[PDB]
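Now for the letters of each chain:
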Amino acid sequence: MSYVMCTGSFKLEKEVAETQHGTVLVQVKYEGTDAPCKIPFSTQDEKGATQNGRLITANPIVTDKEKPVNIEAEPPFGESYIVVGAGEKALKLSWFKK
Amino acid sequence: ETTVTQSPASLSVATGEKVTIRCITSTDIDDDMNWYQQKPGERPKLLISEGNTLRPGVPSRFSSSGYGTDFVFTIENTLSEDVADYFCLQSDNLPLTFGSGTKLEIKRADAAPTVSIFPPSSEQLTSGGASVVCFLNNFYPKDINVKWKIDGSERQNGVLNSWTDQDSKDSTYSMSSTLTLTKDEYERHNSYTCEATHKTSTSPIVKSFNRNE
Amino acid sequence: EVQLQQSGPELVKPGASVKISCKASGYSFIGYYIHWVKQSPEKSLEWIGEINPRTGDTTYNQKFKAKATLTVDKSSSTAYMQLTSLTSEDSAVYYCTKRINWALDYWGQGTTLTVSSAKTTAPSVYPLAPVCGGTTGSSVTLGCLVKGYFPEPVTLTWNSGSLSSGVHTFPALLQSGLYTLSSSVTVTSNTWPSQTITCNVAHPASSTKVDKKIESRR
């Protein structure tokens, strides 16, 4: 049913790949004892404010700690950050887009 | 399961030299390889986590590399404090699997043993037994021989020889040799001798005592 | 700081069961998986299994699936492992660990399990003082002989551990069904017998503690 936000850590499972139509495929693995849980997802500008104008993958969740999650997103143009997870330990990747 | 083959089983280097240990996995594990050090008498400690991530507080002379199935662990400028067992752990999938380990030892200059002999204590004699102890301390290399003589006659049974792990300061070894006799047997003889034979000399180091003293 | 404290050594008969504990402190017990690791007498490490302290969910190594059972207690923040149908193949040192950053970390101190039908035997602690005559050098070597105990381990210190430099403790060895250990210590000839030098020995399995001061033979 309704899950709460993951409180654990996320690490990149593979390198971020981009598609022809300017989206990105993010593969993350999760560390935490609270799965199944909803994955905190966000994007930011260089300043740090949340863009999050679009997220293709609806309702990203960790169902099993041992299994990684695919998330597709549409970052803004130029330098931005993909942010997976919450808190001081959140996974923060830089990204650049044509 | 993911099989992890570690090599070599044992390795010896001089102070300041490079240590190279490796682990090969039966399946592709990206860079989910971890490296652990275990000093004698201690628990395993994580030196390096996934993606060659040196743990906080771990000396920078330890490093690692590899991606897929071929993984290497390196010690630059190996110190004498570094004597231990080293293990790798794959953290890609369950069940977690370890390498069989590598024993690290130091090569140094040879050193003759310091030999000391000890008669049985009065408490043991009260208990009905008599153990004579010889300490062969701070020598190198590890190979050494001890011969016991009771009134000049060689005695091989009732001997217990125990080597220490390599000292983390001076890279030497020590060895304890205990001859155990019954009290009566012990009090029927007078001269007790231990002879240490080591590579450092052609002639054995001989230490003796007499009950009459 | 983070700590995992395991229960003491166990001597169990073949065929019986045992239950090792692992008390966590210094962090949210609920927040991290607990894993158990076996280390054989030949020093080989095998992974036994894992437990989620929040839900109690477990995953086992197929190799240990019929022998091991992992549990937790949120109240006492304690993880447990039970080993049934014990044989001498089960004699080893068992560790508990916290999985964090995807690695096994913050290992406990380990629990030595001995599967044998032999009795628990307390050690006899004997002082080793130099020969009755002379012994005149710049330094001097004393010793301590811990004879005839079972099972492992024993701990040995010199002067409550304040004297650690110049000490050689010799690994325990099995002889006639019992373990024997010994230690030497070397100090300047002015230190002893002027200042007291004492061997401290503990044998947890028998609740034996012995303090033996090294006395001159005359």
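Calculation notes
- Residues numbered from 1 in each chain as written, not as in the entry; some residues may be left out.
- Chains lettered and ligands numbered in written order.
- Heavy atoms only, no water.
- 1 Å grid on protein atoms, 1.4 Å probe; cavity = no way out; pocket = protein on both sides within 12 Å on 5 of 7 lines; lining within 4 Å.
- Points joined across faces, edges and corners; volume = space filled by probe spheres on them.
- Helix = DSSP H or I, 4+ residues; strand = E, 2+ residues; numbered from the N terminus.
- Contact = heavy atoms within 4.5 Å.
- Buried area = accessible area lost by both parts, 1.4 Å probe.
- Salt bridge = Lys/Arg side-chain N within 4 Å of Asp/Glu carboxyl O.

- Per the PDB record, this model was obtained through X-ray crystallography at a reported resolution of 2.4500 Å.

- Where the PDB entry is consulted, chain C appears under the name Heavy chain of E106 antibody (VH and CH1 of IgG2c), with the organism given as Mus musculus.

- Named according to the PDB entry, chain A is Envelope protein originating from Dengue virus 1.

**Notes on empty space enclosed by the protein**
Alright, step 1. This model, assessed by the stated rule, comprises one cavity of 30 Å³ or more.
Alright, step 2. Taken together, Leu 160, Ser 162, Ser 176 and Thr 178 of chain B together with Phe 170, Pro 171, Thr 180, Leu 181 and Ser 182 of chain C make up the lining of the largest cavity.
Alright, step 3. Contributions of two or more residues to the lining of the largest cavity are made by strand 16 (159–163) and strand 17 (173–182) of chain B together with strand 15 (167–175) and strand 16 (178–188) of chain C.
Alright, step 4. When residues of the lining of the largest cavity are assigned to their parent elements, the largest contribution, three residues, is made by strand 16 of chain C.

**Here we look at the interface of chain C and chain B**
Alright, step 1. In this complex, chain C contributes 46 residues to the contact, which on the side of chain B involves 48 residues.
Alright, step 2. For the pair chain C and chain B, the summed buried surface comes to about 3800 Å²; carbon and sulfur atoms form 62% of the total.
Alright, step 3. Per-residue buried area on chain C facing chain B is highest for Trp 107, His 168 and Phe 170 of chain C; these three make up 15% of the total on that side.
Alright, step 4. Where chain C packs against chain B, one counts one salt bridge.
Alright, step 5. Its salt-bridge partner being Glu 1 of chain B, residue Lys 63 of chain C comes within 3.9 Å of it at the nearest N-O pair.

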